[PDB]
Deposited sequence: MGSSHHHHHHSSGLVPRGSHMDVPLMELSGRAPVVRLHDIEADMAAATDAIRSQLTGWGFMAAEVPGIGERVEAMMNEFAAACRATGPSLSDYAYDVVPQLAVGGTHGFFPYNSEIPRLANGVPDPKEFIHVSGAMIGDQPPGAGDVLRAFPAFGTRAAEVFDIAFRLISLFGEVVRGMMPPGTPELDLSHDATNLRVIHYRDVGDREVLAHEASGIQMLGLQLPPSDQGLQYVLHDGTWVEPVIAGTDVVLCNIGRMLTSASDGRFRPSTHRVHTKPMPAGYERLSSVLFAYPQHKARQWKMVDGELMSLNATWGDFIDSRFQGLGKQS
């Protein structure tokens, strides 16, 4: 599977200059979505923050003073919404850090980030940078879409940072996101690959880099009435951590499509979109 070098080549977007640096990368990013399934940006300093987060997640996975004390089924959820907290092994381990969890929105939901406060501080930092980046990546996609295209309205409380441990050859079968957009963050190991428009595979060179990928999710495919296919991807590995931000709109908001240039408010909510 051909390797795709990105560090040195993707637009550069600086932590202290995100709004400006993303405006200046609009043209590049559009051409990526058009040329590849997906989009890419180099964010100098993101690598160090993501490696430190992931390393502290691993440590916490083996700690027993335990993450499973905050398994999804014992953490307060929101009435309507997705499910945040730790998902035990029996993606192998994995945690979902929502914006609600960061703000103790269901009071008691941020208790994992208080039990493991070093991973929590780093995960809250990574969430905030990744949400800013993903919302500006979505304004680029909206600008490639017909006039009248509404704002994506990505919700901070519904967005989740997934951090995975242990993800013997194929670690994923080909998959895409349910949600509007994903931000892939530089993983520990190489293996994540994307399908191109020609139906061939590339392996982004992203392990141990400052490169983030942005993924089209099936909600956006639906709202763009087919014009943007999901950024379908898989993971191959050779005898291990990873994290990705899944941006959702508010569950209770009405779905919408741009069909041949016309905006159509639908009956079903984005909530209903997930419940298949």
Missing CA stretches, deposited numbering from 1, N-terminus first
1-22, 88, 114-125, 203-206, 279-284, 322-330
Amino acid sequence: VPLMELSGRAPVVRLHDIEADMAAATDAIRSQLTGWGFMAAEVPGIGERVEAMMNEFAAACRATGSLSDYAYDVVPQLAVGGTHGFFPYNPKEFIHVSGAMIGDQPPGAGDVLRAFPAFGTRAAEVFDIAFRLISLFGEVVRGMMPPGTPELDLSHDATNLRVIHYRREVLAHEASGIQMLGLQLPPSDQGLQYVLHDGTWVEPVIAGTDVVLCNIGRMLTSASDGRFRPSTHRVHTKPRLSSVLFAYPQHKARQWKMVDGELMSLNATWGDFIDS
From here on, numbers count along this sequence of modelled residues.
Which of the two stretches, 118-126 or 143-151, shows the higher mean Cα temperature factor in the record?
143-151
In the PDB record, does 77-85 or 190-198 carry the higher mean Cα temperature factor?
77-85
Out of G226, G45, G65, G217, which shows the largest CA B-factor listed in the entry?
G65
Which of these, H173, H156, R132, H96, has its C-alpha atom at the highest B-factor, as the entry lists it?
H173
Quick tally, chain-level thirds of C-alpha B-factors: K238 sits in the highest
Taking the chain's C-alpha temperature factors as the reference, tell me which third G182 falls into: lowest, middle or highest.
lowest
Ordered by C-alpha B-factor within the chain, which third holds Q250? Give me lowest, middle or highest, please.
highest
Divide the modelled residues of the chain into thirds by Cα B-factor and specify which third, lowest, middle or highest, holds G110.
lowest
